[PDB]
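Asker: Chains as they are written, first to last, in PDB author numbering: chain A, 2 to 286; chain A', 2 to 286. A prime marks a further copy of an entry chain.
Where is the CB? At the ideal position from N, CA and C, for every residue including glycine.
Handing you this structure, nothing more for now.
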Ligand SMILES: CCCCCCCCCCCCCCCC(=O)O
Ligand SMILES: CCCCCCCCCCCCCCCC(=O)O
Ligand SMILES: [Fe+3]
Ligand SMILES: [Fe+3]
Ligand SMILES: [Fe+3]
Ligand SMILES: [Fe+3]
Ligand SMILES: [Mn+3]
Ligand SMILES: [Mn+3]
């Protein structure tokens, strides 16, 4: 359907818009290129491992690789809906968001290829709770926006994508990676990538907070909606976290070898702390 | 609707895919930031001009500013459709395409603001032919892809966007800018931006060629469709070019002042040469 006019011909960009400022920061802090990461030491580390130790790291990489790919495809409807509402500054920022996610997909796929498991199908480490979030609830909530861009729909979309998938699972995943392999001195390439990813992610979560708050600010009843949608998803979050935990406890050999006391109680409490923390970044009033 | 699996969990990125290679080049050659361009000399140039000379440059800037904004919003459906067909490498590349266009919007809006015409509504320089292409035919052809992603639809979308708007109008616009203000020694900032834009644009046109050719390669009858859609739009292309030409001929004062012999016959023939050239980049066989 037609354009009825253009903001940068009638006027200019709104230079003070928060999403314009986030867009500017994204350009400044988003220069990194996964193609420049040296994975040669990672390949050696990985080949040095025994079959049992090799397996230990694959579940987390499988969750991240699919997750990056899901959110690369699934952010498009949000960019469309805000574009249709004429929110030009949001759209400019969302171009950096999508390009960040493309690079994240690229990074993990390069690591898989370099250590020699590209040919392996890592879908085996996706349980029913993971599928419910990433194969189903995420794409349902985003695609909805094509036909329903009400405040309710936009809140639910940002909640699932930015507050749960990024704000709870991704963040806890980054913490988990450092706690385990950074201590072990393993996989320097991959951890360089995790550091870059974790930096991009801060802007992604800030877009979600901004999006949810600006809708809550019009009607403080949407706040209840936010909390409700957070709680609906919690069972699948913790059901994926318990499942990974259980794989971790059964496959002890990497941890013994590298003298890592892998505190799964602490990882679990970090996930719980992330979830409650995101809730607190939205003010009812 | 659900994801039924993920390519970078089952396998890897297709590293040899042409769109993966274009994506890599885009990251390498796409570091430029419109926020780093120094427009201070442009502001002085523009204030130095008389009212008559000031006006001379505004029509081309109005066409570009709206055009950048249209294609930023209107590329989203192409990214969606190729994503739904599972063409991951195309999508990765299209994230760079969208981000390039965001920066193009940004660049012209910064120039308008810096020279002191942000508050002016430049819609006056969009005639009926321009509106037909940018306010109507472009968004119709792209949005169609949400409900119709047939080869016919995808060809028509790439033809209008990449071969006509970018491959014919944008390219001729870049040539026109250099021919006029680069000679005059005017607007150094803006011409730095035009150089960066013209570089990005090469990748954008290459995506269109690739997209159209890969569909022609399955069925050489789609070739006729391509040519037909090119010809349907030509009248509006030349009707916008004649209209700009006529504004240019009526408002002679910038050209006299700077000893520019502005050959509108040559600019017209460059537009015609662009259009025929794009046709030739698609092989029937
Ligand atoms: C043993 C403690 C378990 C910790 C939880 C691990 C979470 C795995 C993360 C998989 C999803 C990644 C989401 C990426 C989203 C994005 O790129 O914005
Ligand atoms: C006097 C000769 C006239 C020459 C033709 C001028 C064309 C003006 C261009 C306006 C549309 C710009 C399209 C931008 C598309 C993109 O950024 O990919
Ligand atoms: Fe993210
Ligand atoms: Fe369960
Ligand atoms: Fe372009
Ligand atoms: Fe006419
Ligand atoms: Mn990511
Ligand atoms: Mn452009």
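(1) So, under 8 Å CB-CB, residue 18 of chain A and residue 77 of chain A' are touching, yes? Tell me the CB distance rounded to an integer number of Å.
(2) Run through DSSP, which three-state label would residue 156 of chain A' get?
(3) Taking the alpha helix (DSSP H) that residue 40 of chain A belongs to, which residues open and close that run?
(4) Under 8 Å between beta-carbons, which chain A' residues line up against residue 34 of chain A? List them in chain order, please.
(5) Quick check on the burial criterion: 16 or more other C-beta atoms within 10 angstroms. Buried or exposed for residue 222 of chain A?
(6) Any heavy atom of ligand 6 closer than 8 Å to the beta-carbon of residue 209 of chain A'?
(7) Could you name the residues of the region 137 to 151 of chain A whose beta carbon sits closer than 9 Å to any beta carbon of chain A', in the order they occur along the chain?
(8) Would you say residue 201 of chain A' reaches chain A, if we count a Cβ-Cβ gap shorter than 9 Å as a contact?
(9) Taking buried to mean at least 16 other C-beta atoms within 10 Å of its own C-beta, is residue 112 of chain A' buried or exposed?
(10) Would you decide whether residue 253 of chain A' is buried or exposed? Buried here means 16 or more other CB atoms lie within 10 Å of its CB.
(11) Taking residue 41 of chain A' as the query, report the chain A residues whose CB atoms sit under 9 Å from its CB, ordered along the chain.
(12) How would you write the range of the alpha helix (DSSP H) that residue 315 of chain A sits in, first residue to last?
(13) Answer with yes or no whether the minimum CB distance from residue 204 of chain A to chain A' is below 9 Å.
(14) Check distances from the C-beta atoms of the region 119 to 130 of chain A' to those of chain A and list, in chain order, the residues that come in under 8 Å.
(15) For residue 6 of chain A', which residues in chain A fall below 7 Å Cβ to Cβ?
(16) So which residues put a beta carbon under 6 Å from any heavy atom of ligand 5, going in chain order?
(17) Do the region 178 to 192 of chain A and the region 158 to 167 of chain A meet, that is, are 3 or more Cβ pairs less than 8 Å apart?
(18) Could you please give the first and the last residue of the uninterrupted alpha helix (DSSP H) stretch that includes residue 196 of chain A?
(19) When DSSP labels each residue in this structure, what does residue 128 of chain A' get in the three-state scheme?
(20) Anything in chain A' within Cβ reach of residue 97 of chain A, meaning under 7 Å, just list it in chain order.
(21) Looking at the structure shown, is residue 58 of chain A' part of a helix, part of a strand, or coil, going by DSSP?
(22) Measuring only the C-alpha atoms, how far is residue 210 of chain A' from residue 193 of chain A?
(23) Within its chain, find whatever has a CB closer than 7 Å to the CB of residue 65 of chain A'; leave out the 5 residues flanking it on each side and keep chain order.
(24) Can you tell me the Cα-Cα spacing of residue 258 of chain A and residue 4 of chain A', whole angstroms?
(25) Kindly say whether residue 157 of chain A', judged by its beta-carbon, lies nearer than 9 Å to any beta-carbon of chain A.
(26) Would you say the beta carbon of residue 68 of chain A comes nearer than 8 Å to a heavy atom of ligand 7?
(27) I'd like the list of long-range same chain contacts for residue 23 of chain A', defined as Cβ closer than 7 Å, with 5 residues on each side in sequence excluded.
(28) Classify residue 237 of chain A': buried if its beta carbon has 16 or more other beta carbons within 10 angstroms, exposed otherwise.
(29) Just to make sure I have the definition right: I need the residues of chain A' whose C-beta is within less than 8 Å of the C-beta of residue 207 of chain A. Which are they?
(30) Tell me which residue opens and which closes the alpha helix (DSSP H) that residue 138 of chain A' is part of.
(31) Can you tell me the Cβ-Cβ gap for residue 63 of chain A' and residue 123 of chain A', rounded? I've got them flagged as a contact below 8 Å.
(32) 9 Å is my cut-off, CB to CB: does residue 12 of chain A' come that close to chain A?
(33) Who are the near neighbours of residue 100 of chain A' in its chain, counting only those whose CB is closer than 7 Å to its CB and skipping five residues on each side?
(34) Taking a cut-off of 6 Å, which residues have a beta-carbon closer than that to any heavy atom of ligand 4, in chain order?
(35) Identify which residue in A:16, A:195 and A:196 has its Cα closest to the Cα of residue 88 of chain A.
Answerer: The structure says:
(1) That belief does not hold up - the Cβ atoms of residue 18 of chain A and residue 77 of chain A' are roughly 20 Å apart, past 8 Å.
(2) helix
(3) Careful: residue 40 of chain A lies outside any alpha helix (DSSP H) and carries neither H nor E.
(4) 28 and 29
(5) exposed
(6) no
(7) 137, 139, 140, 141, 144 and 147
(8) no
(9) buried
(10) exposed
(11) Within 9 Å Cβ-Cβ: nothing; residue 41 of chain A' doesn't reach chain A, min ~17 Å.
(12) There is simply no residue 315 of chain A to check, as chain A begins at 2 and stops at 286 in what is shown.
(13) no
(14) 119, 120, 122, 123, 124 and 127
(15) 124
(16) A':72, A':102, A':167, A':202 and A':205
(17) no
(18) 189 to 217
(19) coil
(20) 100
(21) Correct three-state label for residue 58 of chain A': coil.
(22) Pairing residue 210 of chain A' with residue 193 of chain A, the inter-Cα distance amounts to about 36 Å.
(23) 109 and 174
(24) About 38 Å.
(25) Among the residues facing chain A, residue 157 of chain A' is not included, as its CB has no counterpart in that chain under 9 Å away.
(26) yes
(27) 94, 204, 207 and 208
(28) Label assigned to residue 237 of chain A': buried.
(29) Here the premise fails: no neighbours, minimum Cβ distance about 18 Å.
(30) From DSSP, residue 138 of chain A' is part of no alpha helix (DSSP H); its letter is neither H nor E.
(31) 4 Å
(32) Residue 12 of chain A' belongs to the set of residues whose beta carbon lies under 9 Å from a beta carbon in chain A.
(33) none
(34) Those residues, listed in chain order, are A:130 and A:240.
(35) That would be A:16, whose Cα lies nearest to the Cα of residue 88 of chain A.
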